[PDB]
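Participant: Below is one structure. I have some questions about it.
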Amino acid sequence: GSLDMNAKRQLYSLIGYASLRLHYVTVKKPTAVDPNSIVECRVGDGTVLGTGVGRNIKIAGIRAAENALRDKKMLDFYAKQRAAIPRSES
RNA sequence: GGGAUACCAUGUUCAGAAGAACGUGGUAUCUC
């Protein structure tokens with residue numbers, strides 16, 4: 001895999017629905033002696049789908065995405081939620 | 001000689017299912 005296109009898609013194409021809040025948070029302020037940074041993949045609900053770290057951070061970005069789609073159970077979990085979700089959170 | 005993160009500003013591209021991310025250059029610290 002290792003394909004962003006695929007990732008980003010899996011996100012706002014396989015799960016990312018209306019009123020999801022899905023969002024990534026950058027953590028580990030890069031350094032000029034180890035730029036490497038990490039990414040947190042979670043949702044406003046306080047749920048982290050996964051994570052991703054890299055030396056040129058990007059790997060971290062794309063890695064984070066692939067991480068979100070790296071949870072078949074989590075993914076499918078939202079699939080059902082999507083069907084349920086009564087025009088709101090609960 | 002090469003290489004990288006980031007601030008300030010703006011835009012393109014990735015893909016080609018779907019929709020998102022990265023880049024362009026100005027300055028700088030560090031590093032090989």
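Ordering of the structure tokens sets the chain letters (A, B, ...), residue numbers begin anew at 1 in every chain, and ligands are numbered from 1 in the order given.
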Name all residues at most 12 Å from residue B:14 (count only C-alpha atoms (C1' of nucleotides); drop same-chain ones fewer than 3 positions away) and give them as a PDB file with C-alpha atoms (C1' of nucleotides), in the first residue's frame.
Facilitator:
ATOM      1  CA  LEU A   3      -0.315   5.226  -0.731  1.00  0.00           C
ATOM      2  CA  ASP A   4      -1.691   8.515   0.582  1.00  0.00           C
ATOM      3  CA  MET A   5      -4.392   8.757  -2.079  1.00  0.00           C
ATOM      4  CA  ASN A   6      -5.731   5.452  -0.764  1.00  0.00           C
ATOM      5  CA  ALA A   7      -5.531   6.670   2.822  1.00  0.00           C
ATOM      6  CA  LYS A   8      -7.120  10.124   2.500  1.00  0.00           C
ATOM      7  CA  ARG A   9      -9.866   8.324   0.606  1.00  0.00           C
TER       8      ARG A   9
ATOM      9  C1'   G B  19     -12.033  12.656  -1.868  1.00  0.00           C
ATOM     10  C1'   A B  20      -7.758  14.738   0.724  1.00  0.00           C
ATOM     11  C1'   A B  21      -2.657  16.437   1.117  1.00  0.00           C
ATOM     12  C1'   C B  22       1.383  18.665  -0.321  1.00  0.00           C
ATOM     13  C1'   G B  23       3.978  22.338  -2.749  1.00  0.00           C
TER      14        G B  23
END
Participant: Please list as a ChimeraX atom specification every residue within 12 Å of residue B:28, counting only C-alpha atoms (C1' of nucleotides) and excluding residues in the same chain fewer than 5 positions away.
Facilitator: /A:32 /B:5-7
Participant: Write the residues of the preceding selection, restricted to N, CA, C and O atoms (P, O5', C5', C4', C3', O3' and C1' of nucleotides), as a PDB file, in the first residue's frame.
Facilitator:
ATOM      1  N   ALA A  32      15.748  20.566  14.836  1.00  0.00           N
ATOM      2  CA  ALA A  32      16.780  20.740  13.818  1.00  0.00           C
ATOM      3  C   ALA A  32      17.936  19.772  14.055  1.00  0.00           C
ATOM      4  O   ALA A  32      19.003  19.892  13.453  1.00  0.00           O
TER       5      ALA A  32
ATOM      6  P     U B   5      11.320  18.074   5.819  1.00  0.00           P
ATOM      7  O5'   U B   5      11.355  18.844   7.233  1.00  0.00           O
ATOM      8  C5'   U B   5      11.111  18.130   8.449  1.00  0.00           C
ATOM      9  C4'   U B   5      11.081  19.058   9.660  1.00  0.00           C
ATOM     10  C3'   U B   5      10.120  20.216   9.450  1.00  0.00           C
ATOM     11  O3'   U B   5       8.844  19.850   9.979  1.00  0.00           O
ATOM     12  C1'   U B   5      12.204  21.072  10.121  1.00  0.00           C
ATOM     13  P     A B   6       7.519  20.659   9.548  1.00  0.00           P
ATOM     14  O5'   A B   6       7.882  22.173   9.960  1.00  0.00           O
ATOM     15  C5'   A B   6       7.547  22.662  11.261  1.00  0.00           C
ATOM     16  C4'   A B   6       8.150  24.039  11.524  1.00  0.00           C
ATOM     17  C3'   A B   6       7.383  25.125  10.797  1.00  0.00           C
ATOM     18  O3'   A B   6       6.316  25.574  11.638  1.00  0.00           O
ATOM     19  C1'   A B   6       9.738  25.486  10.596  1.00  0.00           C
ATOM     20  P     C B   7       5.137  26.488  11.036  1.00  0.00           P
ATOM     21  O5'   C B   7       5.769  27.967  11.106  1.00  0.00           O
ATOM     22  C5'   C B   7       5.623  28.761  12.286  1.00  0.00           C
ATOM     23  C4'   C B   7       6.208  30.159  12.101  1.00  0.00           C
ATOM     24  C3'   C B   7       5.391  30.964  11.099  1.00  0.00           C
ATOM     25  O3'   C B   7       4.461  31.779  11.816  1.00  0.00           O
ATOM     26  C1'   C B   7       7.639  30.955  10.414  1.00  0.00           C
TER      27        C B   7
END
Participant: Please, which residues of chain A, numbered as in this document, come out helix (DSSP H, G or I) from DSSP, as a PyMOL selection string?
Facilitator: chain A and resi 4-15+58-68+72-84
Participant: To test your reading of the structure, identify every residue in chain A that backbone DSSP assigns to strand (DSSP E), and report it as JSON, numbers by chain.
Facilitator: {"A": [23, 24, 25, 26, 27, 37, 38, 39, 40, 41, 42, 43, 47, 48, 49, 50, 51, 52, 53, 54]}
Participant: Taking only C-alpha atoms (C1' of nucleotides) into account, name the residue in A:90, A:36, A:81, A:47 that is nearest to chain B.
Facilitator: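 Closest residue, counting only C-alpha atoms (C1' of nucleotides): A:36.
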Participant: Please compute the atom CA of residue A:62-atom CA of residue A:39 distance, one decimal, in Å.
Facilitator: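 If I compute the distance from atom CA of residue A:62 to atom CA of residue A:39, I get 9.1 Å.
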Participant: From the options B:32, B:16, B:4, B:10, which residue's atoms come nearest to chain A, counting only C-alpha atoms (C1' of nucleotides)?
Facilitator: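 Smallest separation from chain A among the options: B:4.
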Participant: Let me make sure I understand: among A:73, A:23, A:55, A:42, which one has the smallest atom-to-atom distance to chain B if we use only C-alpha atoms (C1' of nucleotides)?
Facilitator: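 The answer is A:55, which sits nearest to chain B.
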Participant: Taking 4 positions as the minimum chain separation for residues in the same chain, which residues sit within 12 Å of residue B:25 when counting only C-alpha atoms (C1' of nucleotides)? Answer as a list in words.
Facilitator: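 Result of the neighbour search: residues 8, 9, 10 and 11 of chain B.
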Participant: Within 9 Å of residue A:14, counting only C-alpha atoms (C1' of nucleotides), which residues show up once you throw out same-chain ones fewer than 4 positions away? Write them as a list in words, please.
Facilitator: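 Non-adjacent residues within range: residues 9, 10, 69, 75 and 79 of chain A; 18 of chain B.
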Participant: Quote the spacing between atom CA of residue A:88 and atom CA of residue A:44 in Å to one decimal place.
Facilitator: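 Calculated distance between atom CA of residue A:88 and atom CA of residue A:44 is 13.5 Å.
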